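Take a look at the letters that make up each chain.
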Amino acid sequence: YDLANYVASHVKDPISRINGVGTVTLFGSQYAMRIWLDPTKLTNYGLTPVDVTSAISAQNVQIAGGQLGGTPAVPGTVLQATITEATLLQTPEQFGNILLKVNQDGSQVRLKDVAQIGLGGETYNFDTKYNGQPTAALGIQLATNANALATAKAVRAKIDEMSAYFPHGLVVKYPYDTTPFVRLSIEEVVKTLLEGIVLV
Amino acid sequence: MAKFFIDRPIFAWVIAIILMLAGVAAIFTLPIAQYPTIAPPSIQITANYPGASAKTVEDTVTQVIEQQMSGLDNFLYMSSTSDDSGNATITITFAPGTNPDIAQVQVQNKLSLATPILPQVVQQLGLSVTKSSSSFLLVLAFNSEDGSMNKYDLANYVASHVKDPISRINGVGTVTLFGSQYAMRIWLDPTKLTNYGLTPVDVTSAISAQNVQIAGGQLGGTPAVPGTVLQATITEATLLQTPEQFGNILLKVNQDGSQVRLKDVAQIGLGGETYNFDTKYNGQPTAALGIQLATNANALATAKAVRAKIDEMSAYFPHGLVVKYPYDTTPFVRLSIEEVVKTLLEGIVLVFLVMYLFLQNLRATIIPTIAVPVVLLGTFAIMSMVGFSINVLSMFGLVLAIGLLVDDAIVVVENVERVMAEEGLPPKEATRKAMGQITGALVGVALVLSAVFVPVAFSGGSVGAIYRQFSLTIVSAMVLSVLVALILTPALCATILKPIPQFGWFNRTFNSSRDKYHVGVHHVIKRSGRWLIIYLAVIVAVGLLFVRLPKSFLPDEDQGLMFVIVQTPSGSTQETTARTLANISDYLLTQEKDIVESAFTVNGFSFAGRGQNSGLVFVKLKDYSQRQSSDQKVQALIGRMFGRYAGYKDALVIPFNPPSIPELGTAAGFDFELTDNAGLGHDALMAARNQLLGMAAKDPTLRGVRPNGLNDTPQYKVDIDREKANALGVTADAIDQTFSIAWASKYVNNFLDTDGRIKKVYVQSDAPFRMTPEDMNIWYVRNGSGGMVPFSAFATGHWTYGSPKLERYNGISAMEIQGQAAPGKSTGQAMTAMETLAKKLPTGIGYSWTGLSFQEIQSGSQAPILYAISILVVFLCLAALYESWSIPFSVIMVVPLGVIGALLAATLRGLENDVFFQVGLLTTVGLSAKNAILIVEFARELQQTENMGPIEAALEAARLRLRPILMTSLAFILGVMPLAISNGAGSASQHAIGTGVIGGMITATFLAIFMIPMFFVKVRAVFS
Amino acid sequence: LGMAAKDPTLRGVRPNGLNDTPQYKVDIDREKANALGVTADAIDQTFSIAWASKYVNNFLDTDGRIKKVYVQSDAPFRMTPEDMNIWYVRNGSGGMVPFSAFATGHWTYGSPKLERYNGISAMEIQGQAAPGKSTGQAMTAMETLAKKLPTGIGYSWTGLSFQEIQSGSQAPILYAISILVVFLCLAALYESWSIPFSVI
Amino acid sequence: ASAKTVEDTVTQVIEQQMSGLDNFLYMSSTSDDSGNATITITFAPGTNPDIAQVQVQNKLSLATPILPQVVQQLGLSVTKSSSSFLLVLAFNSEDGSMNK
Amino acid sequence: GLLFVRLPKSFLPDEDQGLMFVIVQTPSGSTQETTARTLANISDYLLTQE
Amino acid sequence: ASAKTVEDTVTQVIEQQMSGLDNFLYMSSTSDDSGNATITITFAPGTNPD
Ligand SMILES: CCCCCCCCCCCO[C@@H]1O[C@H](CO)[C@@H](O[C@H]2O[C@H](CO)[C@@H](O)[C@H](O)[C@H]2O)[C@H](O)[C@H]1O
Ligand SMILES: CCCCCCCCCCCO[C@@H]1O[C@H](CO)[C@@H](O[C@H]2O[C@H](CO)[C@@H](O)[C@H](O)[C@H]2O)[C@H](O)[C@H]1O
Ligand SMILES: CCCCCCCCCCCO[C@@H]1O[C@H](CO)[C@@H](O[C@H]2O[C@H](CO)[C@@H](O)[C@H](O)[C@H]2O)[C@H](O)[C@H]1O
């Protein structure tokens, strides 16, 4: 999940913007805030999953606050500043404290009490290995009528640029790449051309 | 070719006629614009999130759109901001050459795919995709002189009556209304809400429910029962239209039967969609309308047409309404066109007078005066075919090009006259003999000069965009001129000129002079080594003058405008900043009453974004003819404004003359993007910004290094104790929505105004209840069991810091730093200094180059490579001409001659090494190469047909070429002289070109006539 | 149109638009409805679903093709104004109140479609040249009749008519340019100003 | 929307944004009591219709923040039009086994 | 000169393509049943008398 | 969602609108239990991808 997240958060979007890159596939994703419900615990508090989805949507929010002294203000107002009310939650701990119920004895039920919260994948569809070790994979598909050698060289350059900010231990390999083949075959026919010149 | 058309003047005149006709057609169909497009296409998306903070916009709007912006062909980079006016702006920049239509549609389609993810309010308000431009044809100010209309009335009027007719004027491109218009404003009163137990969401929902347009189907609709004999569309429910109807919306009914209505709980009425800004004309309310020119229309007719339609429909403006034109560039382009036509006609008269002076033969003078107009008209015809426009850059191209095409005309006719007189032959044989001595050299001249000019045409970037219209107009004219010298003018000479049968002081003085010159040519030859040391002295002077002469793109003209940036201290309001702007307008209209025509003020805007603490003043000056003197020019007004407002505590006031082409910025400038590459956060990035800026302000390689955006500013946080509220039975949604509607306002739905137009509906608290943090406690929200709870029950607030403007580059948070290279230092070395500073920043902070520094990085080793190609092909063309690997050196060495003169003239007049200087220098170096090419050509032909030695050949060829060289230089210096001594609009550019070329022609021709034969004999001695 | 009916030059002149049609407005007395316990939304939605129909969602037909689901009143109940009485809406207490209790009918007349040509309100007319007349002669007759219309009513030609005007008015200029070009071509070919003239 | 509502709030707005179109010849538009707006932009003969379409769409972006929210959300459709009613197929059930 | 100016002008001739249109427009407010009946009138004439 | 849900609620909905395309060559769609609808439309060679 960490490798898929790093790639999603630092490599994929800029690579997706290189000319000639038609499309980009991450077998993985950026982190997703993951809320794993427990039905027996939901039953205990008289709650359903919809209660949970609704509370996330009401308590995980960014709210327009307008302004102190904002416009149109009463004549004479001489101070203004933006108001911040509610913000997106950020860590699984904050989500675990979302409020679900006020039960009879005065306690309030919270999402931590009905679910496991953590960062994981948007999808659990994939599993990738490079030489049997964990990997995060980016499939680069060439845009229609774009030049494979040009695009591959540009993306390899952008990756070389981004390598300056890799976390410790992060390595990049190129498991599948057809442009070395095309480049080497053009190179080889050039070599035969010059051999034939000498022979003539 | 030449000998072909000599024997047949009819065919040559048919070709001349076709060129002339096509040229006239191009005169009347070519586009007119002040400048060609320069900068690469950029597409910007804008979004509005009413009441959202910069952080809210970055997280709910900007980041979503950016994450969706991919698969765009030819993307160079992307740059976005998110600010406290609730505004998102994302600009995508594409590579030079990209089709702007395709970039825009590609951007719009990715944006359409992105739209569902965005906040519902952002979606409902609509996003904009537009091509980023910095230029306008006209900007109209619709003003209420008697106060009958405020800015909302004015903008409403424009949108209802002007924008549509104006859009249908031929040649009008984009039409922008700077101005907000009517909206139904519901101003909630919290106490009246609490008394009836209502919340702002009740109001929004009632509006959503009662201001509706309902499809009624139709009577007798299909499928119908048999026998029905009438259809009719049925209308049920229509949008509310008037404040009374909105106030009569039913909100609640009490048990006693009484009804609670919106009028009982809020103030309802027409207001503006936004109050973020205010615009004033000369202290009057105003609404502005920007008219941008359609692609490939002519600016002059479009502007005349717009002013004519505005005049036409001003017959029906309500009382008190007037239209002013605070912005208009078109007088100045009309003036450039008049000035160029004046120069071209003068150039024709000058060739007439010079041919007569040296030849005193009317018949021979008329040939160049036919040939030059034909080539100019053909140049217009070629410009039409190639897609150029009539613009200041191309017009200066024609101005510089007469020096080449009159030189061709004089070479042809003067050489025919010399052969016809000194050798005594009749016209057909004389022209055949004279055009057999120059045809190959003329072909070679065309190729060599084209080579001279290709490093300019093939230059990349916006600077190359400046160059190429200019240089390629020169190249078109030159190539046609060579064709005309080989097609029309030999036939004109062979048919027009007659034999010569049987002032005088001037003839005697020129003959004495050319004898002293001939002896001087010999002197320099015999003293070669001394004058080769002198040649190296000239080269060293070229270097030192070049390094000392300031860099520049275009000279800054007084175009009758001045822009004033106004930045008041943080937290300032619209009311407070309005008074710095009001001060400035009153000052301009009273103290500068005789200099200033308009002062247009907008607060709410800098050039770099919005803010209540920021404004602009747009001031137009009086007609250039009523503005004589040095005190009355814009530069002096900028000085007086620095004086008045540098000692001004309330605001930062920057007066400045707008640059001609703003996209170029400053030649010494650099544009840097400091980026958060490790997800380290805003605080870390600004810590790095401040660290880097502190280093740069100590750096002698750098000057003026400033952070392009804003420092963090204090903000007020509302903390809701959600569990305390829930214990009270109050749900988080009720709290946040009540607070947000009251403070940030809310867009509910559309309504149909009494004029039949669709407008927006907003509910927000009335201003008295949302001004202060205390007001946050006067607001109520209901709990799950009914009844009202105050915000004071569960809400506290506290002050903090946050950015009011959040910048992103290529999708990751950034902060743009902008500066200049230190005087005497280059931009590349400035970039290296910045980079070594950036290396010394904490790990995870990266950076990118943007703008003209990015352009410089992309094309780095292009300039030297193009020069090598140019030099090589010049050399190869000359080897073919001379059949020698060494003789071309006697021509190529002419280059620094004349360059020294241009540098000398510019430095002694304080002008700068700008683009005008550079193109002028290229044409004069081209002419010196041509003069050297013909000197060496005749020296060669004499050395091989009359078996002469190198010195005899050099001396005789110098005698032969002295007259035509002097004829051309005299005509050309006199032709550009009026530009080099100019009063009035555009004189800075006219000076920038004229000073340089006069200096160049002077030293070029004198040093060339004395040193080129010495070089010829020297190369002949050295490699033979 | 009345003028064209008598102009012997032309036949079949008809408007390409639509005459004003009778229209029926339904006025809801929202105060009565609020007093009787129905919200404006309920009456709005019932009358639209009943008369205008509603596309609710898709269904999957027996052939495997996705198609639409529509809800509307059966024809006998939505045919005449007199029908609008039978529709009931249930109020906030669960009781039913009929439309006749709070709504009124109103006849009027109005346009079924508005035309704009280059932004100017307009009405399109098409016609034929009478047997024995050309398209151009019919257009001259049309301009003669339009000349006799009230001041402020102008006209334009579009489509075939516009292209016809281009053809007819450009031909003489093209003949002139063609004569000039033949003149210059023979002047060049035969090195004479007298040969091309004697030919022209 | 009524015919007048459509014309004044949809059709006119869309037309206003159509300044600056390369090779514009004229434009004609309809606004019906069915709520329908149809604006047909005709260009010079020989104009590239694909370029014309991309330009019309790029100009249409300007209209969306002015258009009624519902119209802007529901979507505007842009197409290369024709009246070349080329051929019409009539499908008939001769044995009567199928109706309209 | 006079023979050119006198000559009636046109764009293209009306060729018989083997096809013809008949446009029918009934009073405003009329129903699908009413227009179906006029279209049938035209179809009956064309398919019996013509 | 299942491949069948994907086909009924997305793939058939999009396909029913893929008409009026210049240089249409063929179309190939797939709906799978990973919730993915992929509709590839191929045009004649030389069709402008833009
Ligand atoms: C209604 C009032 C009368 C009409 C107003 C006239 C409007 C059109 C005139 C030119 C507008 O062109 C606009 O000018 C300003 C100053 O050159 C440029 O601004 C430039 O310099 C300023 C400060 O030097 C920086 O804030 C900014 O990074 C840079 O873009 C801006 O990039 C260009 O977009
Ligand atoms: C006579 C017939 C000649 C053919 C027609 C062309 C006319 C003028 C010739 C100019 C050759 O074109 C010129 O090529 C050079 C070398 O690639 C380019 O330079 C580019 O490539 C080199 C490496 O490939 C880089 O080092 C350099 O930073 C980059 O800008 C330059 O931007 C372009 O302008
Ligand atoms: C391959 C290259 C190397 C070989 C160089 C050969 C020439 C060098 C001769 C001396 C140079 O300096 C000077 O040359 C010129 C040549 O006109 C002569 O003087 C004179 O000669 C001719 C007479 O025909 C006069 O017309 C001319 O005004 C005058 O210069 C003289 O002989 C010598 O005083």
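What counts and how
- Residues numbered from 1 in each chain as written, not as in the entry; some residues may be left out.
- Chains lettered and ligands numbered in written order.
- Part of a larger assembly, values for the part shown.
- Heavy atoms only, no water.
- Helix = DSSP H or I, 4+ residues; strand = E, 2+ residues; numbered from the N terminus.
- Contact = heavy atoms within 4.5 Å.
- Buried area = accessible area lost by both parts, 1.4 Å probe.
- Salt bridge = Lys/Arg side-chain N within 4 Å of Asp/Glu carboxyl O.
- Near = heavy atom within 4 Å.
- Polar contact = N/O pair within 3.5 Å; in protein donor to acceptor, adjacent residues only side chain to side chain.
- Areas by Shrake-Rupley, 256 points an atom, 1.4 Å probe, with all protein chains shown as cover.
- Nonpolar A, V, L, I, M, F, W, Y, C, P; charged D, E, K, R; others polar.
- Buried < 20%, exposed > 50% of the residue type's maximum accessible area, 1.4 Å probe, protein only.
- Arc of directions from axis to C-beta.
- Pairing = 2+ DSSP bridges.
- Axes fitted to C-alpha atoms, helices over the stretch in contact; angles between N-to-C directions.

Per the deposited record, X-ray crystallography is how this structure was determined, to a resolution of 2.94 Å.

Draft legend 1. Representation of the side chain of B:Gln943 within the structure. If you trace the backbone, B:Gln943 turns up in helix α30 (residues 915–945). Those residues in contact with B:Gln943 that lie beyond four places of it in its chain are B:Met948, B:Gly949, B:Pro950, B:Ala953, B:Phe1016 and B:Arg1020.

Draft legend 2. The interface of chain D and chain B, seen in detail. Of the residues lining the interface, 27 residues belong to chain D; the matching set on chain B comes to 34 residues. Summed over both partners, the interface of chain D with chain B buries about 2400 Å², with 41% contributed by carbon and sulfur atoms. Ranking the residues of chain D by area buried against chain B places D:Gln16, D:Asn58 and D:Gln69 at the top, with a combined share of 23%. Counting every contact that joins chain D to chain B gives one salt bridge.

Draft legend 3. Spotlight on the site of ligand 2. All names here are of chain B. The environment of ligand 2 is made up of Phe458, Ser859, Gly860, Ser861, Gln862, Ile865, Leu866 and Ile869. Between an oxygen atom of ligand 2 and a side-chain N or O atom of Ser861, the distance comes to 2.5 Å. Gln862 is positioned with one of its side-chain polar atoms (N or O) 2.3 Å from an oxygen atom of ligand 2. Contact with the protein chains hides 39% of the accessible area of ligand 2, taken as 770 Å² for the molecule alone.

Draft legend 4. Quick look at the environment of B:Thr924. Residues and elements named next belong to chain B. Secondary-structure assignment places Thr924 in helix α30. For the pair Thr924 and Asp558, spaced 366 residues apart in sequence, the C-alpha separation works out to 28 Å. Among the polar contacts made by the side chain of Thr924, one reaches the main-chain carbonyl oxygen of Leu921 at a distance of 3.2 Å.

Draft legend 5. Quick peek at the interface of chain A and chain B. Of the residues lining the interface, 40 residues belong to chain A; the matching set on chain B comes to 64 residues. Taken over both partners, the interface formed by chain A and chain B buries close to 4300 Å², and the fraction arising from carbon and sulfur atoms is 53%. Broken down residue by residue, the surface that chain A buries against chain B is led by A:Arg17, A:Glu85 and A:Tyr165, which jointly contribute 17%. Our count for the chain A to chain B interface comes out at one salt bridge. Its salt-bridge partner being B:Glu723, residue A:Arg110 comes within 2.7 Å of it at the nearest N-O pair. Taken together, the links from chain A to chain B amount to 24 residue pairs in polar contact. Ranked by residue count, the leading element in the side of chain A that touches chain B is strand β4 (residues 81–84) of chain A, at four residues. The residue makeup of the side of chain A that touches chain B, split by class, is 17 nonpolar, 18 polar and five charged.

Draft legend 6. Focus on the environment of B:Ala939. All names here are of chain B. Here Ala939 shows up in helix α30. A relative accessible area of 1% means that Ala939 is categorised as buried. Each C-alpha atom of the pair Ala939 and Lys839 lies 61 Å from the other, and the pair is 100 residues apart in sequence. Once residues within four sequence positions are removed from consideration, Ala939 is found in contact with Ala953, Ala954, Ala957 and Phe1016.

Draft legend 7. Geometry of the site of ligand 1. All names here are of chain B. Close to ligand 1 lie 14 residues; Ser134, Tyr327, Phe600, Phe618 and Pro659 are nearest. Protein chains bury 72% of the 760 Å² of accessible surface belonging to ligand 1 in isolation. For the shell around ligand 1, the secondary structure elements donating two or more residues are β15 (321–328) and β16 (561–567). Considered class by class, the residues forming the shell around ligand 1 number 13 nonpolar, one polar and no charged.

Draft legend 8. Molecular detail of the side chain of B:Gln210. Counting through the fold element by element, B:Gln210 comes out in helix α8 (residues 200–210). If sequence neighbours within four positions are ignored, B:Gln210 has contacts with B:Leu240, B:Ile249, B:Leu250, C:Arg30 and C:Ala40.

Draft legend 9. Quick peek at helix α14 (residues 427–435) of chain B. Residues and elements named next belong to chain B. Taken residue by residue, α14 has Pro427, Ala430, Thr431, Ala434 and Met435 as its buried positions. Buried residues of α14, viewed axially, fall in a sector of 115°; they line one side. Structurally, α14 contributes buried residues whose contacts are with α1 (2–6), α13 (392–422), α15 (439–457) and α16 (461–496).

Draft legend 10. Here's a closer look at the sheet that holds strand β24 (residues 758–765) of chain B. Residues and elements named next belong to chain B. A sheet is described by the order of its strands in space; here four strands give the open sequence β12-β7-β24-β23, paired in mixed fashion. Both edges of this open sheet fall to β12 (266–272) and β23 (746–752), since each of them pairs with a single strand only. Averaged over all pairs of adjacent strands, the angle between their axes in this sheet comes to 25°, without regard to strand direction. Bridge analysis of β23 against β24 gives five bridges, and the strand direction is antiparallel. The residue bridging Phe751 from the neighbouring strand is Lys759, located in β24. Each of β23 and β24 is contacted by helix α23 (residues 732–744), which is oriented at about 115° to β24, the strand it contacts most.

Draft legend 11. Seen up close, the sheet that holds strand β17 (residues 596–605) of chain B. Residue and element names in this part refer to chain B. Reading across from one edge, β13-β17-β18-β16-β19 is the order of the five strands in this open sheet, with antiparallel pairing throughout. Bordering the open sheet on either side are β13 (278–280) and β19 (652–656), each of which pairs with just one other strand. The mean inter-strand angle of the sheet, taken between neighbouring strand axes irrespective of direction, is 15°. Bridging between β13 and β17 involves three bridges; their strand directions are antiparallel. In the strand pairing of β17, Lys280 is matched with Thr601. Those strands touched by helix α19 (residues 574–590) are β13, β16, β17, β18 (610–621) and β19, and its axis lies near 170° from that of β17.

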